[PDB]
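**Q** Starting off with a structure, shown below.
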Amino acid sequence: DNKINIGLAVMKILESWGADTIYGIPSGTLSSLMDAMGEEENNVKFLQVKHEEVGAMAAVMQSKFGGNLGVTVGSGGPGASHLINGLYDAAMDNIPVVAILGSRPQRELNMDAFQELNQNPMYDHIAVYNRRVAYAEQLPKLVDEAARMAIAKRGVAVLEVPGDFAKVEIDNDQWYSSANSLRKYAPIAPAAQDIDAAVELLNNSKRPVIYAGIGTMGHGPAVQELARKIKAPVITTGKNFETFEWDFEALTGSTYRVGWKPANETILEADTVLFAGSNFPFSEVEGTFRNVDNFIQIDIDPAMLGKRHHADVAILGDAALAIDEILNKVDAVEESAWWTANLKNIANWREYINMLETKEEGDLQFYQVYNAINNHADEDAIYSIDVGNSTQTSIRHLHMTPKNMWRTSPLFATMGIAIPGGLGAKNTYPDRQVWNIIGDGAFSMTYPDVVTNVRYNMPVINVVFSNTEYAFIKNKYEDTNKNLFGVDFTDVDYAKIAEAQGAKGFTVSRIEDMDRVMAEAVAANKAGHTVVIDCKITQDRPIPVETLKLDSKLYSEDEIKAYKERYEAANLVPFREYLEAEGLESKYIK
Amino acid sequence: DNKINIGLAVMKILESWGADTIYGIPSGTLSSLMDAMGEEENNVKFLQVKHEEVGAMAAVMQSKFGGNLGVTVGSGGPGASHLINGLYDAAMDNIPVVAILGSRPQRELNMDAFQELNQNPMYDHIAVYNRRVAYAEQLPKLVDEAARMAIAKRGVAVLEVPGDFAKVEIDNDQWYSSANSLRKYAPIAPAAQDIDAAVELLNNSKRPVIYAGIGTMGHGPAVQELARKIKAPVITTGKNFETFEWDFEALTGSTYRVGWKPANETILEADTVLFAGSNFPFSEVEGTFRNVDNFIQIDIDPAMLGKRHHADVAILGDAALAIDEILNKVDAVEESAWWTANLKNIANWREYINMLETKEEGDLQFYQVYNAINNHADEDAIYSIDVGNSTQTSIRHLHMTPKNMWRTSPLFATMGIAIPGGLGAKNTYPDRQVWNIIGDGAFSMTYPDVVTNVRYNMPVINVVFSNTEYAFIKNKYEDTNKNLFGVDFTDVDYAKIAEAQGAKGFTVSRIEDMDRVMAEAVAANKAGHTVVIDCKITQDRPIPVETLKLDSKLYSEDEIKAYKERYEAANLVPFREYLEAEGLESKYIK
Amino acid sequence: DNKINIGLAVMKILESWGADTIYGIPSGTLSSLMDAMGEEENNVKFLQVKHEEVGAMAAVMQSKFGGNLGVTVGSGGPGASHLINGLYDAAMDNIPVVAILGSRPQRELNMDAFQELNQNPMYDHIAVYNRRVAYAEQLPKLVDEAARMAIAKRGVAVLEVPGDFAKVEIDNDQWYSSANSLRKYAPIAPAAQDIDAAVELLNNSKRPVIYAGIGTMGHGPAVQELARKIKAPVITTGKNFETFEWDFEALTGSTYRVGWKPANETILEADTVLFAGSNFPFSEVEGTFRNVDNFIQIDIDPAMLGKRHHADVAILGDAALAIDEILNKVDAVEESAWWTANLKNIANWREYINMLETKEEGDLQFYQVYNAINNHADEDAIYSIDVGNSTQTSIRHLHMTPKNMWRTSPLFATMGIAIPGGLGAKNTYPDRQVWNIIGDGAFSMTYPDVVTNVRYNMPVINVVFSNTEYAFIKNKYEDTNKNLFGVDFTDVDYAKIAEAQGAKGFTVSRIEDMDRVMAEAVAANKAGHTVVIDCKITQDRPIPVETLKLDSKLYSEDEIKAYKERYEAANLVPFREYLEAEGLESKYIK
Ligand SMILES: Cc1cc2nc3c(=O)[nH]c(=O)nc-3n(C[C@H](O)[C@H](O)[C@H](O)COP(=O)(O)OP(=O)(O)OC[C@H]3O[C@@H](n4cnc5c(N)ncnc54)[C@H](O)[C@@H]3O)c2cc1C
Ligand SMILES: Cc1cc2nc3c(=O)[nH]c(=O)nc-3n(C[C@H](O)[C@H](O)[C@H](O)COP(=O)(O)OP(=O)(O)OC[C@H]3O[C@@H](n4cnc5c(N)ncnc54)[C@H](O)[C@@H]3O)c2cc1C
Ligand SMILES: Cc1cc2nc3c(=O)[nH]c(=O)nc-3n(C[C@H](O)[C@H](O)[C@H](O)COP(=O)(O)OP(=O)(O)OC[C@H]3O[C@@H](n4cnc5c(N)ncnc54)[C@H](O)[C@@H]3O)c2cc1C
């Protein structure tokens, strides 16, 4: 032992917690810390972005993709405030992340000096830890605690660090890392009494349905086995599609807008719901469970029990263990009209989606772009999805399995999350295929950072949907609005921009050219190039499954006619028809 | 009278306050308000940007450039948080602006619904008004008050508006605008007792100096007349250069880094300072006034009196009236060694700058880019300046007069302020030449919005300094840092990007090509095109005037030699030599 | 089913969560809610206090004493802000509590009306839930969630409720309680690998010590058995004395100021520390563990592992199970010089304390007041302790066992916590003896609420130490201050005030009268009277065990002489003497 630079102690602590990547932009108020990076064999690396928000989002998405604890830095003032969208996303998603806000040196604090201000209020509302380092010697301790807190509290830990502190020297025995003491609780078994109560309700239900959220991640096979055992269809959430085999016979999709027709119809006809590992945000406001008779919930967070609906049975514990216990105790069901009707309803929907995906010629639609992705993507591909309409609808098309990872900004829903997501993913899995699926609006908020993928040799495939409008937005106007006004724009050449950035650009606007273009894009990505595919698509909007104008007892002949014509849905059949075909009756229609 | 839509009443109120331009991006949580724009002959227009932060900054810069009250909108959640850098800039600069945060409809509040959250904490720390509208019927009243407050309190007024409120209808007599009652205080005359005290100190001073901040805006001729009357050199601030004729004989420039050599030397040799209309932030931390004997301050804000230094004389009132009263009462001074020495020191500095600006051939440096701007710019050109080193140094080169306007993000110093500044300026003065001077780092945070200038036919000239690094940052490292690490990057083709966006791009890397390129760029701008001049410059750093290694009694022969060699400053002469040449002695050197 | 008043639904929800007591003061902005209390057989009762802070503290202390979830209300504005000290105490102690802030009716919000303001910022920093109800119909849901959150997050849940909402009527099926779904994790078993690592270190230690915090509550017998098995002395925290039998042979007390001499000496001579269920706040700043060689920590909160000191062994899990596993695996130790030395050191300290407690005549000191309490208190008495010096020192005197409960405001340390503590305790255990031990300063901040105990027939015994000064404060001055100034005051007749309030008052100032007075006070309390014993004590300060001036190798003969004389500690013997008597040597002295 002897003496050590404070900045270096900080880097040693970060490395001990596995936080080997710092995202951000170099600046005077952060230079002392960054100067310590490297040296004494430290392996903490710096990934420089073009906009600090991309750095924050990348640090966060890194964890969402199963990577190490991310660290993002923002220079005093504007750099720090630029981290906001990334930090809010992490806070709402409960993702651990350490944010270091640089600051003018201690002597300048409170003097109303240049770019000097109190940054403590900035993130106090969303952070699990938010402190302004009071003196140099305690910086190591606070960085260590920030990492410990970010992880233990599953959130944003923020430290404001005067720029002169990291230069200070201390005795090597005046700092330590608590990373070695990191402990996490292993899956906890559920109460038998609660499992038994659930089993009884499921055994006696005439129309059971499993509604699985990410709490079931890693246990899709078990959930599918249970679905088959008791003949209960499966509904998933917009965040949990990868948990199931895309072609599972009883997968109805998700409910509400970013969902499928089957799930939306199933939930309104269901009797008993097994709500496993979910905190579905549309539950109350969209009346998702308005027709259900019994509600069983499984969750590891007591705060979630009975939150989205009254729970007749509450099971506290790991969804895996709970599903396993339920699967083992429930009675097998050989035949079920409810199940048969649902399987046909799902098949009908798949026929529709397949027809759209496999068109041979004409103006390119996003349906065929997704078709090309399915035909060229690796089986373990990673998908970083932005928040637009054309991108969220990817869950209706991508043929995923648990070998894939699909992540976005699902609750805060910040636009521009795709590119940073790709950075975090590629940083964690350098030899894995990474796709960033982005709408033009979201791309326009972050494309300058495409150069970051180029510069750091982290090749990704950017699929950009261009249609001179914010689809989702403009698409909703036609409903909640009796007008429209402003929502379109010129046609920027994204392929050319990509080339100017050192990336490879492609442009496609026809269905018959899509396969070849995707093939070339993928081959280029395998040659180590970051690619941008500018997909000039139509103004077509994904069919609104939250408002299915198909049942003749819910809508007029004219409405159904127009609905079918607009969405090329002539062959879609209302669920009630399939129910009646199996001898059942709708529980709410008529 | 009769009934009126709430959204329309809001637009009528905004129009009454002169807020005829709303900046932002359309979204579901803002559609009801936007739907009212237009109709019933309302003249409020919407300017759609690519990133909400540019919308916020543009709304703010609009006022900085003397335009109308700006309004910026951000969709619930991410759109709202994206406004942060623009709002913090306005708060610190005390610029009025109205920010409308969209929100999920009332019924969804507190339900933990999609993209639903409490946004009241977001800007509470910096806003002068920050309220969440409680019910539809009071929205008009609160928008009216927000405008009234933004203006009266010179700051950010924030309203969080549930998206269902603007759809509601009310009686026409249930709303009103207080814009008609808008009143502002006219310039207030200073206390004679304080003016007399100032005059006495100035009359008896052997080395007077006028330090003028933007409080003197509009009164540069008077300040120059006073300087000549009592033979007191003039020091200005980084925000106040346009107030003086660039070639005024006694203009020493500004102190500290973004300044000139003369001013930095003058302030350390001065006896009496007339601090007029300034809140210079480096005052205390850089010891700006450490050698002054007496300090006289003029300001209209009592909170500023005696803030930056003990004031021997404090004058509360308009700087114009105060300067006029002082000018009238002070004794004329015919000859002054102090004045003569300063004039020679200034001339010496101007010789140096002129030599750099007029080089004929070689690798392009930012000096020659500014030279070309001076040779082609209109006399009333508007300059929107970003915060980098190469851009802030523009005050050493631009030949401005009060006919020009030069604005930036001077205190919060957010990068990317230039492009939005150009939007706000061009929106206010459509027939006026507007220049956005940007460094590559700042450009990279905002270039996607170049398309906004194109789309709305608001032609501006973007001058981009590219050198694969953050100069300012990397430039300081060589001093405060004994290392460096990460601060460079690849070379993106900004001209090509501009073309892809519908703008005209130019690339220049040689001094001998600069004039022609600038000529073509300007002609293109006069043809209605937004232009981007990608200036590939050297790694040269502007000479550090905060650390002048020229006086042989302050630095070694080797240091001076190296300093002169690195900054091509062989001919720069330390101020002490000019003082001694006039029979004076340094008051602090030796 | 049918229709139900919203206020009543709220009361039904509170009752379902076990929150049957609301503390506060009636007001217009809370009347609609309170009007629902009772009726339809609801059993939620209202306990009216004189100052809202006492209501908040009582609601919080109710849970600290093992009672039901407390609810405290504060009228819009001043009533709400008056809750602050109680809420901050709960936040820092991680105690669940629901705080309802009344508010002017919805129509008045944002109108700058009378006593109308945005109260969301008020507690945002400390709350685990903080929302302003947006409309009447969701009030029930939010009250239900606030209770769920307060409990699950172990903290303060705050709701701002417009006064017109509770009057609204809704369908009975439009509300529900999630109380039925309340689930908590049962004690979790620790990792065998970590237990084994701990056992190895304990087996090989020459000077083991158990440092037990409240995490060990309910397992004192096991901790004592382990201490005896491996011959490891026990150190407790200021919050955990009741966990041990007061006369346990190896109890050394607590470290730092509110502690005993033995513990303070033991920790500095210890080699291996078993830090069980503690988050001792003085750890780092007082260098508590500066001389220890190995540190083993047991805690159920990952955020605490390695927080107060580097942990050589970290055990995540219930302290009970961990202590049981360690006890079972460790090797028994028959003899130990370390143990013998500690037992003698403890005995020496007990001789000193006993001598002070048993004086027969003279001016009353707090020592003899505690002696009288020990001689008249029930074996299961409850102690509500305030934060002054004379009250915190109660841990050196009270002869407690796990049958007792001792609670205070230990971390935030708000003065005046005693009386509200007594209210919460008596409300929970009506047939149990409750003592409020208060210093004059703290009593002076809350004595008007003595009438609350009288009014609600919740008889408690208030023991007040009066000495015309803030002891603790003035006591520290003589050290950290080279002066004093202001810290004393007149002599108010607290007994007379008590009588004026309907309570029974007693006054005592002599040791020979203490027993009889305490006897009469207790008998009066058993007659259903709230009592106030005004104990006029000396200016004597409890001996400073954080600075033991007894060892001749650490302090001068004169210092020791003066120290012994001032604190009547002639017979106290420095621990080093006992160590050397057993053949051991100090590891840090000399
Ligand atoms: C523009 C946009 C549109 C969208 N549209 C839709 C839509 O139409 N439909 C839709 O469904 N989604 C949609 N989403 C996504 C949606 O907003 C939600 O984020 C998502 O549905 C939440 O999914 P979840 O319940 O799986 O997980 P979360 O909300 O993350 O909740 C997961 C739950 O699992 C629990 N849990 C975690 N681990 C375990 C474990 N081991 N055992 C048990 N429980 C555990 C947690 O405590 C938590 O309660 C959209 C998103 C965007 C951005
Ligand atoms: C990267 C960067 C570097 C910079 N470097 C420098 C540098 O080296 N040197 C430098 O000087 N600046 C520099 N600046 C700008 C600097 O930070 C300050 O913003 C600027 O100097 C403040 O100038 P000011 O005093 O004129 O005005 P302000 O700070 O705006 O203060 C103006 C004052 O005038 C008063 N006032 C207003 N109206 C009137 C009136 N009618 N009568 C009287 N008083 C009135 C106000 O109350 C106020 O006190 C830099 C900025 C950036 C972004
Ligand atoms: C004026 C004043 C003076 C004071 N002076 C002193 C003093 O000199 N000395 C002193 O010691 N105190 C003193 N105190 C009290 C002191 O401030 C602390 O509040 C107290 O010491 C904290 O005690 P603790 O560690 O037992 O519990 P806490 O700080 O409450 O921490 C308890 C820990 O136990 C863990 N835990 C909980 N349940 C379990 C479980 N089942 N299994 C495992 N772990 C669990 C928790 O996660 C937590 O980390 C004073 C207080 C006041 C007001």
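Letters for chains follow the order of the structure tokens (A, B, ...), residue numbers begin at 1 for each chain, and ligand numbers begin at 1 in the order shown.
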With a distance cut-off of 9 Å and only C-alpha atoms, select the neighbouring residues of residue C:79, excluding the residue or stretch itself and same-chain residues fewer than 2 positions from it, and output the selection as a list in words.

**A**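 The contact residues come out as residues 24, 25, 27, 51, 52, 53, 73, 74, 75, 76, 77, 81, 82, 83, 101 and 102 of chain C.
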
**Q** Include C-alpha atoms and write out the residues we just selected as a short mmCIF file (atom, residue, chain, number, x, y, z; two decimals), in the first residue's frame.

**A**
```cif
data_model
loop_
_atom_site.label_atom_id
_atom_site.label_comp_id
_atom_site.auth_asym_id
_atom_site.auth_seq_id
_atom_site.Cartn_x
_atom_site.Cartn_y
_atom_site.Cartn_z
CA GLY C 24 -54.94 15.15 13.62
CA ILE C 25 -57.10 18.22 14.02
CA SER C 27 -60.65 21.51 9.66
CA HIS C 51 -50.56 20.36 17.39
CA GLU C 52 -50.50 18.43 14.11
CA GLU C 53 -46.87 17.46 14.58
CA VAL C 73 -53.96 14.36 8.70
CA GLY C 74 -52.95 17.98 8.24
CA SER C 75 -55.23 20.76 6.99
CA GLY C 76 -54.32 22.48 3.71
CA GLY C 77 -51.21 24.58 4.18
CA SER C 81 -46.55 21.55 6.98
CA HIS C 82 -46.88 20.93 10.73
CA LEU C 83 -46.55 17.19 10.04
CA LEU C 101 -52.93 16.57 3.37
CA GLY C 102 -56.22 18.41 3.16
#
```

**Q** Which residues are near ligand 3 - at most 6 Å, using only C-alpha atoms and all ligand atoms? Format: as a PyMOL selection string.

**A** chain C and resi 213-215+237-240+254-259+277-281+298-301+304+317-319+387-388+409-411+413

**Q** Kindly assemble as a Markdown table a list of the chain B residues that lie within 9 Å of ligand 1, each paired with its nearest atom pair and their distance in Å to one decimal, using only C-alpha atoms and all ligand atoms, sorted first by chain and then by ascending residue number.

**A**
```
| residue | atom | partner | partner_atom_place_in_ligand_line | distance |
| --- | --- | --- | --- | --- |
| B:113 | CA | ligand 1 | 17 (O) | 7.9 |
| B:114 | CA | ligand 1 | 17 (O) | 5.3 |
| B:115 | CA | ligand 1 | 17 (O) | 7.6 |
```

**Q** When the cut-off is 7 Å and we count only C-alpha atoms, which residues of chain C are near chain A, given as an MDAnalysis selection string?

**A** chainID C and resid 124:125 148:149 152 176 178 181:184 302:303 305:306 310:311 314 316

**Q** Give me a file of those residues, with N, CA and C atoms, as a compact mmCIF listing (two decimals), in the first residue's frame.

**A**
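Saved file part.txt follows:
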```txt
# COMPACT_ATOMS: atom_id res chain seq x y z
N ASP C 124 -42.07 15.62 -1.21
CA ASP C 124 -41.59 14.79 -2.30
C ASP C 124 -40.22 14.15 -2.02
N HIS C 125 -39.34 14.89 -1.36
CA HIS C 125 -38.01 14.37 -1.07
C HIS C 125 -37.95 13.15 -0.16
N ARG C 148 -50.88 0.43 0.92
CA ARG C 148 -50.09 -0.66 0.36
C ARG C 148 -48.63 -0.24 0.20
N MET C 149 -48.41 0.98 -0.30
CA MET C 149 -47.06 1.50 -0.51
C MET C 149 -46.33 1.83 0.79
N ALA C 152 -45.30 -1.65 2.06
CA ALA C 152 -44.33 -2.35 1.22
C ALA C 152 -42.99 -1.64 1.11
N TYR C 176 -62.32 -0.88 -4.31
CA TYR C 176 -61.97 -2.14 -3.68
C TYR C 176 -60.72 -1.93 -2.85
N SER C 178 -57.07 -3.67 -1.49
CA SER C 178 -56.12 -4.72 -1.81
C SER C 178 -55.48 -5.24 -0.52
N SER C 181 -54.77 -8.87 -0.14
CA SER C 181 -53.63 -9.41 -0.89
C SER C 181 -52.30 -9.09 -0.21
N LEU C 182 -52.36 -8.47 0.96
CA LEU C 182 -51.14 -8.14 1.68
C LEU C 182 -50.34 -9.39 1.99
N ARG C 183 -49.08 -9.40 1.56
CA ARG C 183 -48.18 -10.52 1.79
C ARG C 183 -46.82 -9.95 2.17
N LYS C 184 -46.12 -10.66 3.05
CA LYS C 184 -44.80 -10.24 3.48
C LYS C 184 -43.89 -11.46 3.42
N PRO C 302 -29.58 -5.75 1.24
CA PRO C 302 -28.33 -5.75 0.46
C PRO C 302 -27.64 -4.39 0.46
N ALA C 303 -28.43 -3.32 0.52
CA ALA C 303 -27.89 -1.96 0.51
C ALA C 303 -27.02 -1.67 1.73
N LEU C 305 -25.02 -4.09 3.26
CA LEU C 305 -23.82 -4.93 3.28
C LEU C 305 -22.53 -4.23 2.89
N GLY C 306 -21.65 -4.06 3.87
CA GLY C 306 -20.38 -3.41 3.63
C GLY C 306 -20.49 -1.89 3.67
N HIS C 310 -15.67 -2.24 5.62
CA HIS C 310 -15.43 -3.31 4.66
C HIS C 310 -15.84 -4.60 5.36
N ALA C 311 -16.58 -5.46 4.66
CA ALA C 311 -17.02 -6.71 5.26
C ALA C 311 -16.22 -7.88 4.69
N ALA C 314 -20.07 -11.41 4.34
CA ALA C 314 -21.38 -10.78 4.25
C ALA C 314 -22.43 -11.88 4.21
N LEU C 316 -26.47 -12.38 3.86
CA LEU C 316 -27.76 -11.80 3.53
C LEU C 316 -28.85 -12.72 4.06
```

**Q** How would you write, as a VMD selection string, the set of residues in stretch 272-361 of chain C that DSSP gives as strand (DSSP E or B)?

**A** chain C and resid 272 to 276 294 to 299 313 to 316

**Q** I'd like the neighbourhood of residue B:510 as a list in words, where a residue qualifies if any of its atoms comes within 8 Å (using only C-alpha atoms), though same-chain residues fewer than 4 positions away should be ignored.

**A** residues 361, 362, 363, 364 and 514 of chain B

**Q** Would you mind listing what lies within 9 Å of residue C:542 as a ChimeraX atom specification, with only C-alpha atoms counted and same-chain residues fewer than 6 positions away left out?

**A** /C:367,389-390,393,567

**Q** Please, could you write that set of residues out with N, CA and C atoms as an mmCIF file, in the first residue's frame?

**A**
```cif
data_model
loop_
_atom_site.group_PDB
_atom_site.id
_atom_site.type_symbol
_atom_site.label_atom_id
_atom_site.label_comp_id
_atom_site.auth_asym_id
_atom_site.auth_seq_id
_atom_site.Cartn_x
_atom_site.Cartn_y
_atom_site.Cartn_z
ATOM 1 N N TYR C 367 -30.017 10.217 37.991
ATOM 2 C CA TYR C 367 -29.678 8.838 38.342
ATOM 3 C C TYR C 367 -30.704 8.221 39.295
ATOM 4 N N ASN C 389 -30.160 14.813 26.455
ATOM 5 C CA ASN C 389 -29.059 14.098 27.095
ATOM 6 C C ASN C 389 -29.533 13.276 28.288
ATOM 7 N N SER C 390 -30.300 13.908 29.171
ATOM 8 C CA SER C 390 -30.792 13.233 30.370
ATOM 9 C C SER C 390 -31.769 12.098 30.073
ATOM 10 N N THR C 393 -29.737 8.961 28.165
ATOM 11 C CA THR C 393 -28.873 8.262 29.111
ATOM 12 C C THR C 393 -29.650 7.195 29.886
ATOM 13 N N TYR C 567 -17.142 13.587 37.652
ATOM 14 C CA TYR C 567 -18.155 12.570 37.418
ATOM 15 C C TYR C 567 -18.304 11.519 38.516
#
```
